[PDB]
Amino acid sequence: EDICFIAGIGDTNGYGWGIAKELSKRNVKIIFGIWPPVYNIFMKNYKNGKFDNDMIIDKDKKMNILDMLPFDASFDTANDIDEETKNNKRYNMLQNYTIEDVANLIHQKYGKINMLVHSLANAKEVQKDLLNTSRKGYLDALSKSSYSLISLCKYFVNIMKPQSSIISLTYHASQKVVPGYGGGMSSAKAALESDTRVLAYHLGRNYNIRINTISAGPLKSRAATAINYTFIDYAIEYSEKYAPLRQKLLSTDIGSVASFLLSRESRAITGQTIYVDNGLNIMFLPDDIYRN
């Protein structure tokens, strides 16, 4: 009878969905937090059965989406939403979509929960290389993908039982440089990986709650493609060609690792970057003239 809130699904091709899927296997109940620029479209599609293929696990196995909620990790409380957004065509009529508000909403409909998933990032100047990134873009990049965590945490902590567990998805570009992962994104993942440690410290001592981050390998998500055959087709090709594990990398591969961190089985792991990436990170050089 565990409940998990997933911040950041827009379709079935992301890591969000992968996570959601494997969490169903373990019979855990799933709440989607959905960015308002996509909420209505995700909703409609779902009613249309556009996802019925993708909700299939195996033997009789569907999914169990408890609830689907509008949610914007930019806004901490309702006093944050600026007037222009408060009025936006997309945001206009949706309510309780800040971080503080969803916590309450969830706690009202379902009480305390014990699993929190951060699978989101956003950065305006991503296509600009770091050196040519504006201040206003960089701080945006960090607001939307680093802080959204810290803040998710402050607020969700009170609707969580002790022994609850939290995860987030990071990228190796934080540790080693991969060019064209810019406009703040590499800084943001770097900070997110440090905050994972510090938060683990406070949440551990104070609430008996754990937090970790998964350094994911390359997956063909909506957002991955949005990064301008692109950077992510190369990323995949390279990985499928050079990683120690040569199999294709599925979102469920991260999904099953996520479920594990989230469950009691990993109670002795906290503050860690766990790479789930067919082991690419362990490589230094292409092994070209070594494969002869």
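The first residue of the shown sequence is 1; numbering continues from there.
According to the entry, the stretch of the deposited sequence that connects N228 to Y229 contains 10 or more residues lacking coordinates, which leaves a long gap in the model. The question of which stretch, 270 to 278 or 13 to 21, has the higher mean Cα B factor is settled in favour of 13 to 21.
Here 216 to 224 and 165 to 173 are compared by their mean Cα B-factor, and 216 to 224 comes out higher.
Note on the listed residues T77, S186, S148, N87: the highest Cα temperature factor in the record is that of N87. Based on the entry's C-alpha B-factors, the most elevated value among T98, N206, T133, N92 belongs to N92. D82: CA B factor in the highest third of modelled residues in this chain (values from the PDB entry).
For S194, the recorded CA temperature factor ranks within the lowest third of the chain's modelled residues.
In the PDB entry, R210 places in the lowest third of its chain by CA B-factor. Annotation for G137: C-alpha temperature factor in the middle third relative to the rest of the modelled chain, per the entry. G49: CA B factor lies in the highest third for its chain, per the PDB record.
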